[PDB]
Each structure stands twice: as C-alpha cells, then as structure tokens.
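# Summary of the model geometry
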Amino acid sequence: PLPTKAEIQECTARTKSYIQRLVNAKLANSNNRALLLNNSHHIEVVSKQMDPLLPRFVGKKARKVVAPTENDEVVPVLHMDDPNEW
Amino acid sequence: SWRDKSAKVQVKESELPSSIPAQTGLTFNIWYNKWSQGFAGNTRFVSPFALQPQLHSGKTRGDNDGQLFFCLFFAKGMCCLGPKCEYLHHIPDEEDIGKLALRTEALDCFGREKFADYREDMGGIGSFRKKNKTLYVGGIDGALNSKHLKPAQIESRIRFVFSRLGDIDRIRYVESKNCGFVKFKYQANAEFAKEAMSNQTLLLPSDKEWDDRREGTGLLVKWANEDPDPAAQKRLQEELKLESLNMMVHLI
Amino acid sequence: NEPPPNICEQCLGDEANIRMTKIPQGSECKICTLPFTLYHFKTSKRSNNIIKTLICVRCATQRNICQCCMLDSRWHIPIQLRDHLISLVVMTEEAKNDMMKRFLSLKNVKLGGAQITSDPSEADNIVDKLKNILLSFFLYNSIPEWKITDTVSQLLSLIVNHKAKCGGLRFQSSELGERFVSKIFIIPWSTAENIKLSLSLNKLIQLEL
Amino acid sequence: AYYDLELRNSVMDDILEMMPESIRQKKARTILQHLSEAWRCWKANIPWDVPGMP
Amino acid sequence: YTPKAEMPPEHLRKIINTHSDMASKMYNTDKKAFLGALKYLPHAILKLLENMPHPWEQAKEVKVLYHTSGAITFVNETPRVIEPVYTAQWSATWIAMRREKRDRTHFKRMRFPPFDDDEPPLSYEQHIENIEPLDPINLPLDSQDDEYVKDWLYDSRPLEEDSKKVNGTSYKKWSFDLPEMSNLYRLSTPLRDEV
Amino acid sequence: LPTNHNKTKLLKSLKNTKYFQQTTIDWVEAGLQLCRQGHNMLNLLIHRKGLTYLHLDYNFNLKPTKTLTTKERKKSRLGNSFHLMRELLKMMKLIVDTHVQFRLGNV
Amino acid sequence: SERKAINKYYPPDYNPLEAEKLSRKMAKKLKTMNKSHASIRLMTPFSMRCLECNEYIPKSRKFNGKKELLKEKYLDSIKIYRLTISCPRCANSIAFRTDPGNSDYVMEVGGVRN
Amino acid sequence: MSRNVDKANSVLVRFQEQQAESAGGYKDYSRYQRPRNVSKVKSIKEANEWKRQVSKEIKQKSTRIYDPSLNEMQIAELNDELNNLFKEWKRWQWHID
RNA sequence: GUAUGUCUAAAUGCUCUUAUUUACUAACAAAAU
RNA sequence: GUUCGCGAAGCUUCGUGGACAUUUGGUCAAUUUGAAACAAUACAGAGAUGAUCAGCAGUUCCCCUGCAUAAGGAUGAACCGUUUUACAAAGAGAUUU
Ligand SMILES: [Mg+2]
Ligand SMILES: [Zn+2]
Ligand SMILES: [Zn+2]
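Residues numbered from 1 in each chain as written, not as in the entry; some residues may be left out. Chains lettered and ligands numbered in written order. Part of a larger assembly, values for the part shown. Heavy atoms only, no water. Residues with missing side-chain atoms left out of burial classes, pairs and counts.

On to a nonpolar patch on the surface. Residue and element names in this part refer to chain C. Among the surface-exposed residues, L155, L156, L176, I184 and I187 lie close enough to one another that they form a single nonpolar patch of about 400 Å² accessible area. Residue position: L156 is located in the loop between helix 7 (145–155) and helix 8 (174–183). The exposure class of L156 is partly exposed, given its relative accessible area of 33%. (Patch = residues over 30% accessible without salt bridge, like charges linked within 9 Å, V, L, I, M, F, W, Y side chains within 5 Å. Areas by Shrake-Rupley, 256 points an atom, 1.4 Å probe, with all protein chains shown as cover. Salt bridge = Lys/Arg side-chain N within 4 Å of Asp/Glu carboxyl O. Helix = DSSP H or I, 4+ residues; strand = E, 2+ residues; numbered from the N terminus. Buried < 20%, exposed > 50% of the residue type's maximum accessible area, 1.4 Å probe, protein only.)

Structure follows, in structure tokens:
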C-alpha cells in the first residue's frame, strides 16, 4: 500500500524538525556573525559566554580521523546460480 | 614544623624573579616567546634560585582558604607572592597527600593535567596511566661543573637534597649509567621533588666552584623508566600484589 | 546530538545542588586527543579550584571511568588496578599513537574489563570471586626508608643502600641515641653467622660495581 | 582532464557490466590502455582494428 | 538590563601599556584575543575615522568600548549632527581656510608620514600634560549679524545638552527658532549654494 | 534596501558580554591605542605564522629583514587580507598621526 | 615578503660602511664565501662518457655542478673555469675547462668527448 | 644571490649575526670554520661548542663511509678524513680544565 | 619564478684597492625587411 | 554606612528591632620539562623521455601559502617497490602395503 497520509505527514515533520535542527547547529558552528542529573543527584548545566575574541570552538583543530566500520551484523550478499571470447 | 616555624616566605622578590628568555636565534618571536632564525645553544641553564624549604616553607593565603595544590614556584624556589600566594608552600606532608589523593590520578600535586602518554624524553609531569614515584636524575656531571668526585659522595649529596624534599623510599646512584634513581612514597612528593630539582646545581657552599655554579647546566631530573634487572622487577610485582590485596580489602 | 557526562559520586561532591558550565568542543580528550564538550564544576560555590572533565565521554564509556577522577565508575580504582584485579580472577592496552588513539576511542567495544564493571551481574561476580580467592648506628637486615624512618620515630638523615643492605642512621645527638637504645635487624654502634655471611656477600656485590 | 577521467570511469563501468571476470583490477588497466589507443587512432585517423578485441 | 559601568580612562590606558612588551606565558590568552580581534579591526578603524574631530574642534572626547585584555578598542559613539548647523560650521571652516590661503605666502603643508618609520608612536601620556592644544579653525564672528549662533556654533556637540532646541544628550532630534536658522543659512552661503 | 531583521549590531553584542567595558576617551588617545593595538595584532599574527623576518614598521609598512630564501618566501607570503588590513591601519595612523601632531605644538 | 621587494628593513642604527667593515672582518672567519668550488646549475655541452662506469651523459643534460676559478688564465685578462659534474650512476667527479681560444671547452680528467 | 648560500652570506644577514653575537651571545659554530690551532681559545664554552661541532662532523663522516659502493676511492679518502677528525676531537679534549 | 631533500645526543686593531662580476638564477618568451 | 522605629543621658549622644544591599573570578596559575618554525653546516640534488621543458589531474591515516569552491606550492609531499596458491585435469616413470 502507498503509505498512509497521516503517517507520511508525521515522517515529514520528524525529518523536517531534525534537518532544520541540524541546519541551525551548522549555522551556530559557522564563525561568521548572523538541566541534568548524574546518578541519583540532580545537577544544573550552564553555558558561559566566552569572550568574542577568543576562538569559539577552541577544541577543534581540523584533525584527520580514521573511523572503524563497526559492522558487527553480517550482510548476506545473496545472489542466484564462452570464456575465450570475453 | 612549617605552620609554627613561620608564616612568611618571600623566596625571590618581584623586583628580580626572572628575565624572560635566553638568546638563541637572531630575532625574538613575540607569539612563542622563543628565539627564531637559528638554534645554537644547549639551552638548559642552572636555576638562580632554590628551595631551602626549612627556611622558606610557611602558611599561605591558600592554607587558610583550603587549597589542595602546592606551589610550583615555591618548589622551584621563587614564589614572589609568598604569604599572599594561593598555592601551598611546604613539602607535601602525608595528610595533605591523603586529602588530594582523589584528584592525584588526573593531575599532579601542582594541579595541572597529567597526560595519557609520557613525553618521549620522560621529561615532565608524568602520565595518569602509569602512576609513578620514581625520578631519573641525570646531567650530574654538568650539575657539578665536571667535578672529579667520588660516586659515593655524589649519592650522599643527592640523598641530602632529596630527603629534605620528600619522604624517600629508596635511592641509587650508578657509575656506569652516570645517573641517580630516586623513589618516593607518594607520587605527589616525587613530583614536587622533580619540580624543585629541575635545573638545580648539586654543589654546596663549602665547595670551591660555588661562585661559578650559574655558568654550568643544572640537574636533568626526569621520570624513571622502570629498572629491567630482575630483583627490582620482582619487588615491584610484590608491591603491586600488595596494593591489589589492599584494594580488595577496601572493597569488601 | 550529544551524550551525557559520566561523573562519579565522590568526584562531583557531597551536595544536593551543583552548577556547572558546558563548553562544547572545549578541549581535546587526554586519551584520544579529539574534541569534546568540557563540563567543569566548582563543587561547593566557594571551595577553590574547578573540576574540569579531562576525557571524552566515549573514552570514559570504553574504560568505564569517572570523567574527572579517571577511576572505575563502580569501584573507584585506577584503571590499571581495577583491570589487574579482573585479570587475576586481561587488561586494556591504550595505544599511545597520534592517529591510532583516536581510532581506538571511536570504536565502542568497552576496551577491556569495562563490560564486567558496567554490569551488576559481572562486577558482583568478580567481587565474589576475589573474596573467595582472599579467603650513630649502622643497620643490617627489602623494605623502604619511609618505613624505617617511621620505625625510628616510634622508637623515639637516615641513609640506606639496598644492594649493600647497610643503613647508617645519624641522629647527630647523644640524647636522641641514648633514649633510642633504652626504649627498645642487627643494630650496632659506629643464625648470626649466616646473617654475617649474607651481609658480606651483599657488600662484595656492592663493591664489584 | 577531469572530463577524460570521467569518461574513462564510465567506460570501465560499462565493461564491468558487460561480462564476468576474475581479478578484474588488472584488466581495468588494460581496458583503459585500449581506450586510449582507440582515441589516439581516432585523432590520427587510423582505423582502430584489434583482432582479439571482442 | 542595567547599563555598562562607565570605567575610568586611566584603567584602559594601563591595560594598553601592559600589552606593549607582551612575551610571557602570562597573557597567552591575551595574544589569542589580539589575534581574534583582527576580525573587528577594520570596524574599529571605520569607527575611529568616523569620529574624526572636525576642524572646528580642538579635541573630541569620544565613547569607547575596549576588550579588557587590551586587544581592541572601538570608538562606540556614532557622530550625528544638526544638519544645517553642520553645514554652517563647514562653510565657516571653508571661509577660514580661504582667509588663511589669502594671508600666507607659503602655507606649510605637512610631510608624510608625520612620524618616522623607526620612531614608535608616542603614547598619549607624553601630551596629556602638554599645554592647551592650539586654537582650531573657527572664523572671526560678529555680534550684529551672527548674534544667535556664535555661542554654540563651534562646539563638539553642535548644540548644547539640556536645552529646548534639541531632544537632549542623545542628540537625536532638533527644533530651531527662526533667527538662529536664518543666521545658519547666511553662514552656509558657500556650501548650500543651491538653485 | 537594508536589513529588516538585524537589530544586533556588532558593538551591542560586545557590550552584552562581560569582557568589554567602556570609557570616555580623547579621540587622539583612542587613535593612538588603535595604532598600537593594531600594530601588535599584525606583529602577533605574523609571529604566529612563523615568519619573524618580515618586520613591521610602526608606520605599518611591512618589509623583510634579510633577503628571504625561497622556502621562507613561500612560507611568508601574506595575502590580500592581511595586506589590506595593514593598509587600513597605515591610513588610520596617518590621520591619527596628523591629529597627534596638531595636538602637539608641531602644526 | 615578495620577490620584487623594493626595500629591505634595516635596524635604526645601521652605519652601512661600518656594517660592511664588520662583515669583512667576519668573512675570513666565515665558512662559506671563504672557500672554492661554489655551486652552479649547468647543462653539459660536450656530451661525453663517464670514464669509470661508462655512463653516456648526452648533450644538454642538466647538473648541479661546481664552478671553480683556474688561477692560470688564458692569455691575460679573460678567465677560465673548472666545471665539476658527477656521473648519474657512479659518483665519479667529471669536469671540464673553458679555454676560449677555440670558443669551446676542454676535458679535465673526468671523461672523454664523443 | 640565487641558491640560498648567497642569501646566507649577504651583508645584511652577516650584520645581523654580528649584532646577535654582540648582544646576548648568539653564535653559530656551524657557520664559522673551527680553528686549526687550539690554545687560542681562552673561553671554555666556545671550546665546548667547537668540540661538539667536530663530533658532529665525525658522525656525518661515519654515516656516509658505510655506503654500498665500498670499493670507490672517496670512501678510502674519508677514512683518513675520519682519522683526522678523531685526532682533532682528541686535541679538543685538552687538560687545562 | 631563484627548486629541493636527508644529516644535528643535551688573536687584536690597522689600513689600503675600485671608470667591474670567480657573480648567481633560469621556472619566463622567442621574429624580420 | 544610609536610615524608619523603641529605651536611657544632656534637638545632641550611647544602647537596641527592622528595612536597604546581599556569594566575584579561573579550560589559564611567572624560565628550562608537555612540545612553533625557518635558518645554518655537511652531504647529495631536479616527472615522462635519449635530452630539455610546459601544464593538468589522480591515490593518501602529509600538509603549507592563499579570503578562497581562485590560484600557487620540487609535475607541492609519499606513490617508481614488492610481485610463488579460489589452482585443477590427462599421460609417463619410481619406492612403500
Ligand atoms: Mg613546476
Ligand atoms: Zn607561590
Ligand atoms: Zn570521579
């Protein structure tokens, strides 16, 4: 069946929200202008306003990073079934 | 007894604490504070100051407030803040060590981040992975201005300098390697000692080369790469086992 | 998206309110040298010196450790020690290399032991197993000087070579020494035969190099 | 150059699609070479006739 | 919320002076800050230039923001004027210049650059103390014709604060009487020369 | 036709932080500060870049100390940004310098 | 910073004559400048065989040679030069001289022309 | 002044070096030739530097002389050069201090 | 477009010679009435 | 300190209850040991191809200059080497059970 209209809408919303969020994050990251708990204990997170002269994201430094594939589950690669010419 | 011994310290006054760099290179790089356009000069120079701790050690602005970490500058022997220093001025006692033994994994007795990997020269502020209390001493030839001394004498001198600085576990001078291994009880103490004795002369006033101690190159005090010969290894293993046992006891 | 900070009970403090700031890609983790969010908290408002997180959350997860203390999340023991115990009942090998460390960090395997510590099942079992397993003067005749010194103090410069086994204590006072003698492992002034022999041997060893 | 590269890639893909091979990487190079030769021939106005070419 | 603390200029000066011989591990972060500040240095330049004291002005005081690190200093205020008044002032200046030209056999034009490439530009503290800055460009007035304008015409803020002729110290709006306006118009005969 | 949205000018944002504070300053003084600060910035950046052999005059005319070897030259070719900035600074100095001169009895 | 740089920066005290004198004083001490066989890049006009390993270095082949002055000039006031080369394969020092009587070169115990 | 050597020994650079030597004591013992006759060197530091330089030279010589074309005469020549270097080093280890 | 790479343990002043240059670089470009 | 009330001495002074104002700052601590590069000496030394030379790409867990998705870096860096098995079928001869 061609998927339910409501379902489709929901999907759109989810992705739209997510993609929008991502874009916002990206924008924030770009250097041009324009509460929690640990264990049982409750803890307030804050974000301090760093000085606008110092590098915004002092962590990052354009590092090369090789990633592991981490494919634990095994893909089944299934299939079916004159050499002198070819 | 540093508390009732004195309050004051004032090791080297803020008139003359240090000149900033020593001229290698042609031009002075403002951003690194290091001379550029050339590299000729062995660079390591002897400390103008030192920690005579019995005289210096005292109450600080930190002690009152409840500071954990000891003063690097004090250790080096040049804390111009003195009584108004926020870092502690005494040889790390046991109680203090106990108090900061939670944090002592991640950072030194000076409150500064221990690293994951050792520096290739074992040169500074040891790794958090390998706990250690064991200092390589070196450049003892250079630290004594190439003096024809007995190894025994050298060893004695080392003991004198290092015992004062912290509770010793055990010490070894070596003729062949031309070195001085020291081990402490507490890592913090060891660290403090290292900080102190970096770039220090081993000479005394009674020696004839006292006035030209500055012209030499100081002690090269570094971290100890574990001794390979087997008895030592066995001892280490035993110690580790004991530690494990203790941990287990604590757990149950 | 971001995961949460893994800070231990003793790490964080004794109080029912702590305020901390997060600094996204603040510093590089010490293990992995890879950007991550620094949380840093002050414990009690007025108690000096901050407690910044030194490692990335992922790395912490892998080692199963406090992001400040660098100690086991469960048992609060240095990684070596905790791992060592497990081994006694295999340890982690952090690969100290520029590129490889990062890769290791990104892997999500819980390096070595961490899994055991994480699970109530496994940690507890290990503990149980462990429990079961458990259940002037010269001086002559290895142990540390800080113990010797302590002993001396109790009895009331202290040189001791180990290759020699020859501890020349020098109180520099006739009062301290004469108190020390009365209030009381061969201890002269400035199987006995066997001991003597051993001592001699030690001396010889010391003197050949 | 980029265009040429793209063309080469396309040709390789087509050849892959065409028929079965075992250790095809080696053969890819050969194919590329052949293509190059053909191009050269075209440029010259030589007929590019090779007997083994299926 | 609550406005910025009007700091003393002295503090700023001190900060500036500190970051001349900056080469310790102290102010590592200040160097970083300085580096960052290049971003806004052109903005700063634009600001400062915009605030240039006009030839009817000995020395302009100006609002200033500055990074506590000492890395950058923006002139903050944006210089607005009562347009006709401004025009009048300019006209007056022009007239003065013309007069000067008429007078002088040789007019000592500046040499450029004004200070040497070796010589580092004197701190402001060498010539705060110096004598009253010599008189600026404002033409000889008269009580009969230019009766109204003369008192304020050549002031930093062309019309005074706390008056009924301008909005106030924000200096955003102005309303003039007739005779003053007339005077201004008369003054501006050179520049406003319009059909 | 200008921005509908953007109220937030640069200075306002800066003010909103704790790191900036504000004074009232003589314009010549401000200019001098700019010259000095600007100069520092250009030196600092240059030193970071590693090229310590391109020396800045206090007039902002940059030029090399020795004759640079080729590698050094390659390292130390600043581009259209930095040079532009330098030029701007120079211009500022020139206007500021003239005002300084005026203030002083010199002119 | 740019190859066509008009003016190199000088310190504020740079007595040029004095500087020159100083340089001269520290030119006898100097390692380079006080030596022979100063380097040069040159193509080989002779097209010759390296006498050790018979490597046939052809005409116009480029090398980083050493040009040195021969004290014994040709005639009187027109200098002649030794131009050292190495063979590609074996590291034998080939060289040649520029005797300008014939408007050509002379081989100098390196290889043979052919 | 192509090929870098010229640049190095350009007058300005020399002047700079001299200035450095005067104020602070930056010498480049690489840059000057080591003296032939020792005992015209009253300072110790200078002597030490010279010794270091000679050691470096010796090391360099050593590194090259074990190359694969061992039968070539350059290597043989160096063997004597190496010896000379060693001798120089020995001399530098004089017993005045 | 003045290439490049490896290699590195931590005598003093004096003057006199010039109407020049043992000068070096070739990445750059190449025709006649 | 400001102050608005109470209680004692001579509107002046002490003794009190309140209101006002209320937890800054640090990812940092000042010289060698937590990591800047060029330079220098010595030694060699320049892509195909016989040689000389242009430019363009390509791969990468290499970067630099560059505002750069321009452009430029020794053809920017290292690539030029190692290279024996999804390996079976047929025939001939030989020793062991
Ligand atoms: Mg090229
Ligand atoms: Zn201190
Ligand atoms: Zn913790």
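This next bit is on the interface of chain F and chain B. Listed as interface residues are seven residues of chain F and, on the opposing side, eight residues of chain B. For the pair chain F and chain B, the summed buried area comes to about 720 Å², and 58% of that belongs to carbon and sulfur atoms. Three residues, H47(F), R48(F) and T52(F), lead the burial of chain F against chain B; their summed loss comes to 64% of the area buried on that side. At the boundary of chain F with chain B, the tally comes to zero salt bridges. Linking chain F with chain B are three residue pairs in polar contact. Residues of the side of chain F that touches chain B, tallied by class, amount to two nonpolar, three polar and two charged. (Contact = heavy atoms within 4.5 Å. Buried area = accessible area lost by both parts, 1.4 Å probe. Polar contact = N/O pair within 3.5 Å; in protein donor to acceptor, adjacent residues only side chain to side chain. Nonpolar A, V, L, I, M, F, W, Y, C, P; charged D, E, K, R; others polar.)

The full set close to RNA strand J counts 91 residues, and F45(B), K42(C), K74(F), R77(F) and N4(H) are the nearest of them. Sugar plus phosphate, as a fraction of atoms of RNA strand J within 4 Å of the protein: 48%. In this structure, a base nitrogen belonging to RNA strand J sits 3.0 Å away from a main-chain N or O atom of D117(B). Residue composition of the surface near RNA strand J, by class: 32 nonpolar, 29 polar and 30 charged. (Near = heavy atom within 4 Å.)

With that settled, consider a positive patch on the surface. A contiguous patch of positive charge on the surface is contributed by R80(E), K172(E), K7(F), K9(F) and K12(F). Tracing the sequence through the fold places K12(F) in helix 1 (residues 10–16). Judged by its relative accessible area of 41%, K12(F) is partly exposed. (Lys, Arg positive; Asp, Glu negative; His and termini not counted. Charge placed at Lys NZ, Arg CZ, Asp CG, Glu CD.)

With that out of the way, let us pick up the interface of chain E and chain F. Tallying the contact residues gives 66 residues for chain E and 53 residues for chain F. Where the side of chain E that touches chain F is concerned, the elements lending two or more residues are helix 1 (9–18), helix 2 (28–37), helix 3 (41–50), strand 1 (61–67) and strand 2 (73–75) of chain E. In terms of residue count, the dominant contributor to the side of chain E that touches chain F is helix 3 of chain E (eight residues). In this sheet, strand 1 (residues 20–26) of chain F lies alongside strand 1 of chain E in antiparallel orientation, the contact comprising seven bridges. Bridge pairing links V64(E) to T23(F) in strand 1 of chain F. (Pairing = 2+ DSSP bridges.)

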